[PDB]
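One structure is given here, and the rest of the page talks about it.
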Amino acid sequence: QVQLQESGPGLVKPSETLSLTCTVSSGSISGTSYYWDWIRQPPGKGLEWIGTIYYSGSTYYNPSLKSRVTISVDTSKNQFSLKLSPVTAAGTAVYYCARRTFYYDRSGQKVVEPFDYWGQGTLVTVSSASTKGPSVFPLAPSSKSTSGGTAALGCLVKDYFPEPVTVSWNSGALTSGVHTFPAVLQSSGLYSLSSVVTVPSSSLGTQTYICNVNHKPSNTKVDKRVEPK
Amino acid sequence: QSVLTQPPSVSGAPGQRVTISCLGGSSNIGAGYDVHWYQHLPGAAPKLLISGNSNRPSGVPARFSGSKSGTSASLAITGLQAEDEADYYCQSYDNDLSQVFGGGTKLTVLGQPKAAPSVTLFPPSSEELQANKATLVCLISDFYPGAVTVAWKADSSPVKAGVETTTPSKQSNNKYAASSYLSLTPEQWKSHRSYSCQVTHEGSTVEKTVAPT
Amino acid sequence: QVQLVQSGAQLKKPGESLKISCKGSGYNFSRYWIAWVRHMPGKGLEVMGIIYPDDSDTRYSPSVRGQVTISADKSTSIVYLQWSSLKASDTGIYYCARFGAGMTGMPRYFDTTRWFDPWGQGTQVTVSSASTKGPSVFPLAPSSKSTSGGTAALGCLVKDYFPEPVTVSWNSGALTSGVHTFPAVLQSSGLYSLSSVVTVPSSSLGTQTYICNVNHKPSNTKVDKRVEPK
Amino acid sequence: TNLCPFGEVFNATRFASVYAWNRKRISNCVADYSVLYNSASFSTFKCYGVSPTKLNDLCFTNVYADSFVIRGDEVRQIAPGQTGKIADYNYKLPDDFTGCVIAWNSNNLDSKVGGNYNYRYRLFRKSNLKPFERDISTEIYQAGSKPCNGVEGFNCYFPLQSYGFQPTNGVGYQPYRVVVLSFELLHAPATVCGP
Amino acid sequence: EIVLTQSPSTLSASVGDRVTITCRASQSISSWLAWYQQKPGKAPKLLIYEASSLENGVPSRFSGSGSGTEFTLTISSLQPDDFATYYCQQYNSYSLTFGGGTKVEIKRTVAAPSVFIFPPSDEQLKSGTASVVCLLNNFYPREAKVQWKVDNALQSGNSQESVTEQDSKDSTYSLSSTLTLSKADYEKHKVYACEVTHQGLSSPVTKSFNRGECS
Ligand SMILES: *[C@@H]1O[C@H](CO)[C@@H](O)[C@H](O)[C@H]1NC(C)=O
């Protein structure tokens, strides 16, 4: 299938330009019966359509956001782009790009279907604060290793901004028992997250456990080993 | 085989009219696909002759005509001339096999009186026989039109092995020539009483015979 | 002016690789399809595969799947055809040709319903396990040609040589009338053989001396043979 | 008169399996499309890149008619940019497609008591079809590392399956005859010029 | 201009039950209503188009009815993988608008939490701060209480907690409570415990450590 991928800076100062770009792969942005759209979802709330573009360059914008919205397209890179020029606190949202297909009626009227294809969504935070890369600390297994049962180990990811961070264990080979918790905002203005996993206690001597922490705003790529001591 | 079927050969005299047929089916022409024709002149590459059933490109004279009907197509040449002597191919699109070519038709323009072959049969030389090899050479020359059949006879029985026969070749006098080689072992050549080379041309057979002595 | 220009003739051995080229000029290379057409010995014309240069959309026929690769370089405006391991059966002449309306959009998907007007000069591909070998020249003693009119033919046989060509002259080039050097045969061994004869009045035999001069430059071989009525 | 040979396609008695869809090329004729866009007998009448109401005022060099049979719930896949076993392994339309997709219920003709299994589709393939590409191969599908050697067995599947068209089935599992018209306009003069 | 109002805002039901969400429009949108499901973190996925028609791949337990200004989406047999938030959208108008969403949670049998405690890391202690972390694993229902005691003294305002979204296979939750102290205030007190009250525990569970543990 066709793939959509949102790209863009995750942090923007208020009253400055928010800019995102959507790259299409395994398909053409220049398709004659497609419409290309931007939608956003503020955190914990609902979905809001922003605007739509056609490969020729025609646009239709949401009247509420018209004053600040510009959507462009570049058929040569198979991309279309979004620009919110005076961004406000409302700009904090996960932004999606999507595609619809449209046809013409037997009557000759145009019919546009709902959104078939979506991107993965990228979060953009509107803030005066600066980027801060995370510190990664080990939540080491307890010394109950004699138990023939189950032990927990984890990774604490502390004092970072903005969101998100992603956490993996053993480069994805470890999925069962993993709980990567939602990040809490601290008084510091910095986020903090925990990622734990339950494993058989017998595995503590046999199997090395590495958590793989990623924070792209800061280009942080940390692999921390949780060891049993 | 070929999804489009052509005659292997058509023949005409200077000034006459001939047609080359192109026979197709439901998947090609029957579906609604047009036919194109190419002319492959001797010593040259194929060139477009007719596009879209009946449209001539520039440089193609109006003596060449094209038509399509039902599941068949036909190339027509009026006022036959020596220069028209070539291989002609029809071509279409097949809903199963994509772009398809006919088998080709060799057009011959008989602008020369018929000429019977000249056959010379040479026995194995003594030097070659002292090298434990033995070759019989049958040289055919000055025949028109340019197609012959060669059969070799051991004593009076047919030879079915060791024969290599060239394609016919245009001579400077515009008649044709050909050669046939029968490879034997010196012992076979001495065993039989006679070896014969028979050349057949337009239904007439000319034969020459050598004897080891 | 619109044209396609192909690689030159190739002599290769079985198992070797070959890549041959087809260069377009006088037209937008990216907007027209290119087809490889093979003309095998004694056979007709057949499409091996087709390619769209802008997209490098290549489609092959079943008879050529797995043994050849069709490629295209837009920057150089060249289409290629490549064999991984050549086989002797692949010996033939390979043409490239252009087809399509040159338009974009819907026409592109139906260009296969159209004609090859720009055609290449062809490349001759020869696959032989044979190596450079000089000819062995044997005399062809006089034999009766036409008994009415009393003509005899004598000459010499040029046997087991590779590659083409061979040159044959008579009495150093002072004999020219009645001289006929026949085109060569290609035997199952992969070596060429031919014959050269001279037609003389049978009565005149024994009065003039005939020497044939055979030169095969690939092997740097030169042979002079006296033909005599035995 | 020189009426376009539609109806030979739409009203044809036999329809092709989707994996082996039929194409008809059409030229040098006048076409009354109103027989189509004025008929309430069609379940799906969707045109991409053109409005059917303006077709009778237009002119094309060639028109290509593709036709096959599929299930009801699959007709949505006969459209640009769609996904599915039909859209990917049987019949695919291009991103720049100009033409129309017409379909109708054919339960009356294409189903039988006990089920009609004469209609077939391609279930497996090593790669998605390119637009308008057709595949009528019957080569054994290799789902695993062991070579199939042309014989069906474990992880060696015959790539084709048949539909089961029962008259009492649900609408979505009922046969639908599909006709796809494609419009190509060249610089050569337009011969399909319906009034 | 067109306002789509979704009811209920929240919905909790057991496996196999029938659930039904409602989308009410401020104006007539005919049948141009779509339904999306959004599992947390991921994009919305199209389920229903033209109010009643099902997109390819969507399981048959999903149905939609409606026309004009009232619509419904009905799940015939609720399954654990159906925990998403569901949205209706009108593509009838130029200004595309969405519903407010309906969150659908699964109801299941009570499962007691598994409690683990983690002392601060030596690396973090060098950094000048101390985060003691307590984990509650695979419990239902989400309602629970954690109490941090330090020297058997209840504490308040110095901790924070976070609960995972409901799992798509066992329909349980997990919660982490992180207690942040200064490096110095950590060095003063010796016993650090966390007490958990939850339905699946007949008695409250306490998990503690002393600042000198096995190595
Ligand atoms: C099929 O037949 C019906 C009735 O005979 C006719 O009205 C209709 O126009 C035909 N379809 C086409 C495409 O001509």
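FYI, nothing fancy with the structure tokens labels: chains A, B, ... in order, residues from 1 per chain, ligands from 1 as they appear.
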Worksheet item: Quick one: residues within 7 Å of range 97-103 of chain D, only C-alpha atoms counted, chain neighbours fewer than 6 positions away excluded, as a ChimeraX atom specification?
Response: /C:106 /D:42-50,80,176-183
Taking C-alpha atoms for each residue, export the selection above as a PDB file, in the first residue's frame.
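The resulting file, result-v3.pdb, is reproduced below:
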```pdb
ATOM      1  CA  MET C 106      -3.413   7.342 -20.052  1.00  0.00           C
TER       2      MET C 106
ATOM      3  CA  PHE D  42     -26.251  -0.323 -12.586  1.00  0.00           C
ATOM      4  CA  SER D  43     -25.249  -0.663  -8.934  1.00  0.00           C
ATOM      5  CA  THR D  44     -21.920   1.154  -9.338  1.00  0.00           C
ATOM      6  CA  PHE D  45     -21.383   4.018 -11.803  1.00  0.00           C
ATOM      7  CA  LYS D  46     -18.178   5.801 -10.754  1.00  0.00           C
ATOM      8  CA  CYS D  47     -16.012   7.760 -13.203  1.00  0.00           C
ATOM      9  CA  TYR D  48     -12.516   9.007 -12.371  1.00  0.00           C
ATOM     10  CA  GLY D  49     -11.045  11.968 -14.215  1.00  0.00           C
ATOM     11  CA  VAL D  50     -14.244  12.674 -16.174  1.00  0.00           C
ATOM     12  CA  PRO D  80      -7.406   4.003  -8.219  1.00  0.00           C
ATOM     13  CA  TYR D 176     -21.289  -8.653  -9.821  1.00  0.00           C
ATOM     14  CA  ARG D 177     -20.393  -8.111 -13.467  1.00  0.00           C
ATOM     15  CA  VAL D 178     -17.912  -5.251 -13.871  1.00  0.00           C
ATOM     16  CA  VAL D 179     -17.093  -3.185 -16.965  1.00  0.00           C
ATOM     17  CA  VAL D 180     -14.231  -0.668 -16.922  1.00  0.00           C
ATOM     18  CA  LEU D 181     -14.021   1.899 -19.722  1.00  0.00           C
ATOM     19  CA  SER D 182     -10.646   3.570 -20.298  1.00  0.00           C
ATOM     20  CA  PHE D 183     -10.295   6.751 -22.355  1.00  0.00           C
TER      21      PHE D 183
END
```
Worksheet item: What are the residues of chain C that have an atom within 6 Å of an atom of chain B, counting only C-alpha atoms, as a PyMOL selection string?
Response: chain C and resi 44+113+117+121+145+185
For the selection just defined, write its residues with C-alpha atoms to a file, as a compact mmCIF listing (two decimals), in the first residue's frame.
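Output file again-v3.txt follows:
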```txt
# COMPACT_ATOMS: atom_id res chain seq x y z
CA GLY C 44 11.52 -14.62 -37.50
CA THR C 113 -0.74 -1.39 -29.07
CA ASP C 117 9.10 3.00 -36.18
CA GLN C 121 20.93 -1.32 -36.92
CA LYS C 145 31.21 -29.74 -64.76
CA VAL C 185 29.75 -23.81 -44.33
```
Worksheet item: Got a sec to check which residues lie within 8 Å of ligand 1, using only C-alpha atoms and all ligand atoms, and send them as an MDAnalysis selection string?
Response: chainID D and resid 6:11 35:36
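Residues of range 2-107 of chain D assigned to alpha helix (DSSP H) by DSSP on this structure's backbone: residues 34, 35, 36, 37, 85, 86, 87, 88, 89 and 107 of chain D.
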I need the chosen residues saved as an mmCIF file, in the first residue's frame, with N, CA and C atoms.
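Dumped to part_17.cif:
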```cif
data_model
loop_
_atom_site.group_PDB
_atom_site.id
_atom_site.type_symbol
_atom_site.label_atom_id
_atom_site.label_comp_id
_atom_site.auth_asym_id
_atom_site.auth_seq_id
_atom_site.Cartn_x
_atom_site.Cartn_y
_atom_site.Cartn_z
ATOM 1 N N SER D 34 -25.403 7.637 -23.247
ATOM 2 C CA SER D 34 -26.603 7.869 -22.446
ATOM 3 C C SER D 34 -27.311 6.566 -22.119
ATOM 4 N N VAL D 35 -27.185 5.564 -22.988
ATOM 5 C CA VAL D 35 -27.668 4.229 -22.660
ATOM 6 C C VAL D 35 -27.054 3.743 -21.354
ATOM 7 N N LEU D 36 -25.845 4.205 -21.034
ATOM 8 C CA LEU D 36 -25.189 3.835 -19.784
ATOM 9 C C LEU D 36 -25.563 4.782 -18.644
ATOM 10 N N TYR D 37 -25.198 6.068 -18.753
ATOM 11 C CA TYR D 37 -25.406 6.941 -17.597
ATOM 12 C C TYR D 37 -26.868 7.331 -17.385
ATOM 13 N N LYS D 85 -6.898 -8.347 -2.426
ATOM 14 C CA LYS D 85 -6.484 -9.444 -3.290
ATOM 15 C C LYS D 85 -6.892 -9.193 -4.734
ATOM 16 N N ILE D 86 -8.023 -8.523 -4.949
ATOM 17 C CA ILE D 86 -8.449 -8.209 -6.308
ATOM 18 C C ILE D 86 -7.636 -7.053 -6.874
ATOM 19 N N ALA D 87 -7.563 -5.945 -6.133
ATOM 20 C CA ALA D 87 -6.865 -4.766 -6.629
ATOM 21 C C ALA D 87 -5.374 -5.019 -6.804
ATOM 22 N N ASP D 88 -4.799 -5.938 -6.028
ATOM 23 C CA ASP D 88 -3.360 -6.173 -6.064
ATOM 24 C C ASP D 88 -2.955 -7.372 -6.914
ATOM 25 N N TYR D 89 -3.706 -8.470 -6.871
ATOM 26 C CA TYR D 89 -3.310 -9.694 -7.557
ATOM 27 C C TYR D 89 -4.138 -10.001 -8.798
ATOM 28 N N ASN D 107 -26.586 -12.084 -9.977
ATOM 29 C CA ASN D 107 -27.005 -13.310 -9.304
ATOM 30 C C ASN D 107 -27.930 -14.152 -10.172
#
```
Discussion item. Restricting the calculation to only C-alpha atoms: of D:153, D:114, D:72, D:159, which residue gets closest to residue 136 in chain D?
Written reply: D:159
Item to complete: May I have the residues of chain A within 12 Å of chain C, counting only C-alpha atoms, written as an MDAnalysis selection string?
Response: chainID A and resid 30:32
Kindly save the residues from that selection, with N, CA, C and O atoms included, as a CSV table (one decimal), in the first residue's frame.
```csv
chain,number,residue,atom,x,y,z
A,30,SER,N,0.6,12.8,-7.4
A,30,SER,CA,0.0,13.4,-8.6
A,30,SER,C,-1.1,12.6,-9.1
A,30,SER,O,-1.6,12.9,-10.3
A,31,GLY,N,-1.7,11.7,-8.3
A,31,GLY,CA,-2.9,11.0,-8.8
A,31,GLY,C,-4.0,11.9,-9.0
A,31,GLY,O,-4.3,12.9,-8.2
A,32,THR,N,-4.8,11.7,-10.1
A,32,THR,CA,-5.8,12.6,-10.5
A,32,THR,C,-7.1,12.6,-9.7
A,32,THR,O,-7.8,13.6,-9.7
```
Worksheet entry | Residues of chain D within 7 Å of chain B, only C-alpha atoms counted, as a ChimeraX atom specification | /D:23-26
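As for CA of residue 80 in chain B and CA of residue 41 in chain B, they are spaced 14.8 Å apart.
Residues of chain D lying within 12 Å of chain E, counting only C-alpha atoms, are residues 72, 73, 74, 75, 76, 77, 82, 83, 84, 85, 86, 87, 171 and 172 of chain D.
Between CA of residue 110 in chain E and CA of residue 170 in chain E lies a distance of 11.4 Å.
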Discussion item. Would you pick out the contacts of residue 136 in chain C at 12 Å or less, using only C-alpha atoms, so that residues sharing its chain but fewer than 5 positions from it are not included, and give the list as an MDAnalysis selection string?
Written reply: (chainID B and resid 127:128 131 133) or (chainID C and resid 156:162 166 191:195 214:216 219 221:225)
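Surrounding range 107-121 of chain A within 7 Å are residues 4, 5, 6, 94, 95, 96, 97, 98, 99, 100, 101, 102 and 103 of chain A; 51, 52 and 53 of chain D; 34, 42, 43, 46 and 91 of chain E, with only C-alpha atoms counted and residues fewer than 4 positions along the same chain left out.
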Selection file, N, CA, C and O atoms, as a compact mmCIF listing (two decimals), in the first residue's frame:
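Written output follows (part_9.txt):
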```txt
# COMPACT_ATOMS: atom_id res chain seq x y z
N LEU A 4 2.21 7.10 4.12
CA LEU A 4 2.33 8.51 4.44
C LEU A 4 3.19 8.67 5.68
O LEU A 4 3.09 7.89 6.63
N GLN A 5 4.06 9.68 5.67
CA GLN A 5 4.97 9.91 6.78
C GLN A 5 5.09 11.40 7.03
O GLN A 5 5.57 12.14 6.17
N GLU A 6 4.66 11.83 8.21
CA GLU A 6 4.83 13.22 8.62
C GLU A 6 6.24 13.44 9.14
O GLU A 6 6.79 12.62 9.88
N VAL A 94 -1.03 16.40 17.87
CA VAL A 94 -0.47 15.41 16.95
C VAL A 94 -1.05 15.71 15.57
O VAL A 94 -2.27 15.73 15.40
N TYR A 95 -0.18 15.96 14.60
CA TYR A 95 -0.62 16.32 13.26
C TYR A 95 -0.57 15.10 12.35
O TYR A 95 0.40 14.33 12.37
N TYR A 96 -1.63 14.91 11.57
CA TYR A 96 -1.75 13.81 10.63
C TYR A 96 -1.89 14.35 9.21
O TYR A 96 -2.51 15.40 9.00
N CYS A 97 -1.31 13.65 8.25
CA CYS A 97 -1.67 13.81 6.85
C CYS A 97 -2.48 12.59 6.41
O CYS A 97 -2.31 11.49 6.95
N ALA A 98 -3.37 12.80 5.45
CA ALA A 98 -4.26 11.74 5.00
C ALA A 98 -4.61 11.94 3.53
O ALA A 98 -4.39 13.01 2.96
N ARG A 99 -5.15 10.89 2.92
CA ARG A 99 -5.58 10.90 1.53
C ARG A 99 -7.04 10.48 1.42
O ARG A 99 -7.50 9.59 2.15
N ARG A 100 -7.78 11.14 0.53
CA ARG A 100 -9.10 10.70 0.10
C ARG A 100 -9.12 10.54 -1.41
O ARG A 100 -8.34 11.16 -2.13
N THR A 101 -10.03 9.70 -1.88
CA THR A 101 -10.29 9.52 -3.31
C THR A 101 -11.67 10.08 -3.64
O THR A 101 -12.59 10.01 -2.83
N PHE A 102 -11.80 10.64 -4.85
CA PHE A 102 -13.08 11.18 -5.28
C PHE A 102 -13.37 10.75 -6.71
O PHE A 102 -12.47 10.59 -7.54
N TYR A 103 -14.66 10.58 -6.99
CA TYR A 103 -15.17 10.19 -8.30
C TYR A 103 -16.35 11.08 -8.66
O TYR A 103 -16.80 11.90 -7.86
N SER D 51 -16.54 13.42 -15.95
CA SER D 51 -17.95 13.31 -15.58
C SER D 51 -18.72 12.62 -16.70
O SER D 51 -18.58 13.02 -17.87
N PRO D 52 -19.53 11.61 -16.39
CA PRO D 52 -20.24 10.90 -17.47
C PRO D 52 -21.19 11.78 -18.24
O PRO D 52 -21.48 11.50 -19.42
N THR D 53 -21.69 12.86 -17.63
CA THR D 53 -22.63 13.74 -18.31
C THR D 53 -21.97 14.48 -19.47
O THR D 53 -22.65 14.86 -20.43
N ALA E 34 -19.09 8.68 8.24
CA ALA E 34 -18.08 7.65 8.40
C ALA E 34 -17.81 7.43 9.88
O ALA E 34 -18.11 8.28 10.72
N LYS E 42 -2.09 5.64 17.87
CA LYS E 42 -2.11 5.33 16.45
C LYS E 42 -3.13 6.19 15.73
O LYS E 42 -3.95 6.88 16.34
N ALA E 43 -3.04 6.17 14.40
CA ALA E 43 -3.96 6.94 13.57
C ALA E 43 -5.36 6.35 13.63
O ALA E 43 -5.55 5.18 13.96
N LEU E 46 -10.51 3.72 9.36
CA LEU E 46 -11.87 3.76 8.83
C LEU E 46 -12.55 2.41 9.02
O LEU E 46 -12.00 1.37 8.64
N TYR E 91 -18.46 13.63 5.80
CA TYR E 91 -17.84 14.11 4.58
C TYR E 91 -18.86 14.72 3.63
O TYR E 91 -18.58 14.89 2.44
```
